[PDB]
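See below for the structure under consideration.
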Amino acid sequence: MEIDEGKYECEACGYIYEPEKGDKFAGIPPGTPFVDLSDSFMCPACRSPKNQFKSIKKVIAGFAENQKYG
Ligand SMILES: [Zn+2]
């Protein structure tokens with residue numbers, strides 16, 4: 001829907017790694033971008049290899065628009 005804060009999504013299970021928040025569930029603190037994870041980080045939900053994670057900085061959403069932007 002709307003992401004960009006270095007939020008990565010596991011294409012293997014659908015988990016979302018939070019960099020600024022850190023993988024508190026895996027052991028990684030916040031203030032850390034996914035690109036800085038360990039050389040072999042595993043998903044805390046599906047245990048997949050960090051290489052299975054993929055960023056997602058895109059915003060898609062639009063169901064109603066009764067206006068013309070000014
Ligand atoms: Zn996963």
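Here's how to read the names in the structure tokens: chain A, B, ... by the order shown, residue numbers from 1 in each chain, ligand numbers from 1 in the order shown.
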Please identify every polymer residue within 10 Å of ligand 1, using only C-alpha atoms and all ligand atoms, and present the set as a list in words.
-> residues 9, 10, 11, 12, 13, 14, 15, 16, 17, 42, 43, 44, 45, 46, 47, 48, 49, 50, 52 and 53 of chain A
Selection to disk with N, CA and C atoms, as an mmCIF file, in the first residue's frame:
data_model
loop_
_atom_site.group_PDB
_atom_site.id
_atom_site.type_symbol
_atom_site.label_atom_id
_atom_site.label_comp_id
_atom_site.auth_asym_id
_atom_site.auth_seq_id
_atom_site.Cartn_x
_atom_site.Cartn_y
_atom_site.Cartn_z
ATOM 1 N N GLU A 9 10.098 -6.466 2.255
ATOM 2 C CA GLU A 9 9.031 -7.498 2.402
ATOM 3 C C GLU A 9 9.555 -8.868 1.960
ATOM 4 N N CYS A 10 9.404 -9.865 2.788
ATOM 5 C CA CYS A 10 9.892 -11.224 2.415
ATOM 6 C C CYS A 10 9.028 -11.805 1.299
ATOM 7 N N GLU A 11 9.573 -11.963 0.129
ATOM 8 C CA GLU A 11 8.769 -12.553 -0.977
ATOM 9 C C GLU A 11 8.483 -14.029 -0.673
ATOM 10 N N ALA A 12 9.144 -14.579 0.315
ATOM 11 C CA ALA A 12 8.931 -16.013 0.654
ATOM 12 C C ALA A 12 7.732 -16.205 1.593
ATOM 13 N N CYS A 13 7.539 -15.339 2.559
ATOM 14 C CA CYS A 13 6.387 -15.541 3.490
ATOM 15 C C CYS A 13 5.484 -14.298 3.557
ATOM 16 N N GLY A 14 6.040 -13.127 3.428
ATOM 17 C CA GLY A 14 5.196 -11.896 3.485
ATOM 18 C C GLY A 14 5.535 -11.091 4.743
ATOM 19 N N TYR A 15 6.697 -11.301 5.295
ATOM 20 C CA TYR A 15 7.097 -10.548 6.515
ATOM 21 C C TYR A 15 7.655 -9.183 6.115
ATOM 22 N N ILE A 16 7.609 -8.228 7.000
ATOM 23 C CA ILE A 16 8.136 -6.877 6.656
ATOM 24 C C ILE A 16 9.266 -6.488 7.617
ATOM 25 N N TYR A 17 10.477 -6.446 7.134
ATOM 26 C CA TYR A 17 11.615 -6.060 8.014
ATOM 27 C C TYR A 17 11.599 -4.545 8.242
ATOM 28 N N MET A 42 18.323 -14.516 8.809
ATOM 29 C CA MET A 42 17.205 -15.417 8.404
ATOM 30 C C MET A 42 15.872 -14.813 8.848
ATOM 31 N N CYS A 43 14.846 -14.977 8.063
ATOM 32 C CA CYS A 43 13.521 -14.408 8.438
ATOM 33 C C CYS A 43 13.041 -14.999 9.770
ATOM 34 N N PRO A 44 12.589 -14.142 10.653
ATOM 35 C CA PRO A 44 12.086 -14.613 11.964
ATOM 36 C C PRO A 44 10.703 -15.260 11.803
ATOM 37 N N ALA A 45 10.104 -15.143 10.644
ATOM 38 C CA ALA A 45 8.756 -15.747 10.439
ATOM 39 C C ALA A 45 8.852 -17.002 9.567
ATOM 40 N N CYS A 46 9.671 -16.977 8.553
ATOM 41 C CA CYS A 46 9.789 -18.181 7.678
ATOM 42 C C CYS A 46 11.250 -18.685 7.620
ATOM 43 N N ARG A 47 12.131 -18.090 8.388
ATOM 44 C CA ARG A 47 13.560 -18.550 8.423
ATOM 45 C C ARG A 47 14.230 -18.517 7.042
ATOM 46 N N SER A 48 13.690 -17.798 6.098
ATOM 47 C CA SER A 48 14.344 -17.747 4.756
ATOM 48 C C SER A 48 15.627 -16.911 4.838
ATOM 49 N N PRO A 49 16.471 -17.054 3.846
ATOM 50 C CA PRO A 49 17.744 -16.294 3.826
ATOM 51 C C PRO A 49 17.471 -14.811 3.569
ATOM 52 N N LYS A 50 18.224 -13.942 4.184
ATOM 53 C CA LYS A 50 18.005 -12.480 3.978
ATOM 54 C C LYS A 50 17.935 -12.153 2.486
ATOM 55 N N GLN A 52 16.168 -13.419 0.480
ATOM 56 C CA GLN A 52 14.751 -13.566 0.047
ATOM 57 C C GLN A 52 13.970 -12.283 0.362
ATOM 58 N N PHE A 53 14.586 -11.340 1.032
ATOM 59 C CA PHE A 53 13.866 -10.076 1.359
ATOM 60 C C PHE A 53 13.963 -9.092 0.190
#
Output as a ChimeraX atom specification all residues of chain A that backbone DSSP marks as strand (DSSP E).
-> /A:8-10,16-17,53-55
Kindly save the residues from that selection, with N, CA and C atoms included, as an mmCIF file, in the first residue's frame.
data_model
loop_
_atom_site.group_PDB
_atom_site.id
_atom_site.type_symbol
_atom_site.label_atom_id
_atom_site.label_comp_id
_atom_site.auth_asym_id
_atom_site.auth_seq_id
_atom_site.Cartn_x
_atom_site.Cartn_y
_atom_site.Cartn_z
ATOM 1 N N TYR A 8 11.474 -3.676 4.077
ATOM 2 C CA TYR A 8 11.634 -4.784 3.092
ATOM 3 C C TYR A 8 10.540 -5.833 3.306
ATOM 4 N N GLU A 9 10.098 -6.466 2.255
ATOM 5 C CA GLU A 9 9.031 -7.498 2.402
ATOM 6 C C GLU A 9 9.555 -8.868 1.960
ATOM 7 N N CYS A 10 9.404 -9.865 2.788
ATOM 8 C CA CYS A 10 9.892 -11.224 2.415
ATOM 9 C C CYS A 10 9.028 -11.805 1.299
ATOM 10 N N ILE A 16 7.609 -8.228 7.000
ATOM 11 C CA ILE A 16 8.136 -6.877 6.656
ATOM 12 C C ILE A 16 9.266 -6.488 7.617
ATOM 13 N N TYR A 17 10.477 -6.446 7.134
ATOM 14 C CA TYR A 17 11.615 -6.060 8.014
ATOM 15 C C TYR A 17 11.599 -4.545 8.242
ATOM 16 N N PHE A 53 14.586 -11.340 1.032
ATOM 17 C CA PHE A 53 13.866 -10.076 1.359
ATOM 18 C C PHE A 53 13.963 -9.092 0.190
ATOM 19 N N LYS A 54 12.968 -8.264 0.019
ATOM 20 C CA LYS A 54 13.002 -7.275 -1.097
ATOM 21 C C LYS A 54 12.405 -5.945 -0.632
ATOM 22 N N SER A 55 13.069 -4.855 -0.906
ATOM 23 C CA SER A 55 12.540 -3.532 -0.466
ATOM 24 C C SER A 55 11.188 -3.244 -1.112
#
Could you tell me which of A:64, A:57, A:3, A:18 comes closest to residue 30 in chain A if we count only C-alpha atoms?
->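 Looking at the shortest contact to residue 30 in chain A, the residue is A:18.
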Name the residues in contact with residue 28 in chain A at a cut-off of 12 Å, using only C-alpha atoms, excluding same-chain residues fewer than 3 positions from it; report them as a list in words.
->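 Listing them by chain and then by number gives residues 17, 18, 19, 20, 21, 22, 23, 24, 25, 31, 32, 33, 34, 36, 37, 38, 41, 42, 43 and 44 of chain A.
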Point-to-point distance from CA of residue 39 in chain A to CA of residue 7 in chain A, Å rounded to tenths = 18.2 Å
CA of residue 35 in chain A sits from CA of residue 6 in chain A at a separation of 8.8 Å
